[PDB]
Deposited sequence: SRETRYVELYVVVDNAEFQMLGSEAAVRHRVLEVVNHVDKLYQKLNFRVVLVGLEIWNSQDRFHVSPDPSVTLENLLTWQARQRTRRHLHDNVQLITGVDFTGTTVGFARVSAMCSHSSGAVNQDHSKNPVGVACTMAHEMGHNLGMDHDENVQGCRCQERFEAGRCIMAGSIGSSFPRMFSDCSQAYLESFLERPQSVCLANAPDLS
């Protein structure tokens, strides 16, 4: 099939901003993260392109709660209330309850509820880039590797975990399991996946 493109809109909340210090430090870090996300998805004939960026240097336009569900719902609610993107990814400096660092609306890509929330949990920008690729994967119809029986992951190194494992562990994931790929292909059957057909400029 032809290359698919995610036109991505990133929002950085107040906590994240005050954590990085300045506007340039955030732009630098966002470009880092998005560059790696795009790198991970190139192995799926996917391009992830940043088309918009919003930094809340003063206050958040909605409540970012320690609970990912709340924050995610607040994002989708706030977003709906314009642009032209396919997907919205929130990056926060708020530490989510427990060990949770990401949450997403499943199979919502291209819909009005197309979004996810990501905590910048690691000094390495790769940390939040893998989380977002994972979350973005949910938006694209992917489940956890452990929820698909006989799912095969071709990661030869570390613990052999892939991007869509329900837990990161001690090493950041690098590839997509075979079930990830299969589920993404199924999602690309849905007529709603049409918004991924347009290559930006």
### Query
If you line up the deposited sequence with the model, which stretches have no C-alpha coordinates?
1, 83-86, 207-208
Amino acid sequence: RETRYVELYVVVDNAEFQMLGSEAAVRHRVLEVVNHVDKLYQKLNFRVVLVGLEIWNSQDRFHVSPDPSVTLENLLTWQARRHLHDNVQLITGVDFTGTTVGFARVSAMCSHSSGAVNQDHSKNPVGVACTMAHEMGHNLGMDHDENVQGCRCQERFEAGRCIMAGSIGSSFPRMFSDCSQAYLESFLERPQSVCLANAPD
From here on, numbers count along this sequence of modelled residues.
### Query
Is the mean CA B factor in the deposited entry higher across 31-39 or across 55-63?
55-63
### Message
Quick check on the record: does 99-107 or 72-80 carry the larger mean Cα temperature factor?
### Response
72-80
### Message
Just to confirm, going by the entry's C-alpha B-factors, which of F176, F172, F46, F157 comes out highest?
### Response
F46
### Task
Grab the CA temperature factor for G166 from the record and place it in the lowest, middle or highest third of its chain.
middle
### Message
Can you tell me whether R152 has a C-alpha B-factor in the lowest, middle or highest third compared with the other modelled residues of the same chain?
### Response
highest
### Task
Within this chain's modelled residues, let me know which third the CA B factor of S22 belongs to: lowest, middle or highest.
highest
#### Entry: Ranked C-alpha temperature factor of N14 among modelled chain residues, by third
middle
### Query
With respect to C-alpha B-factor, does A197 fall in the lowest, middle or highest third of the chain as deposited?
middle
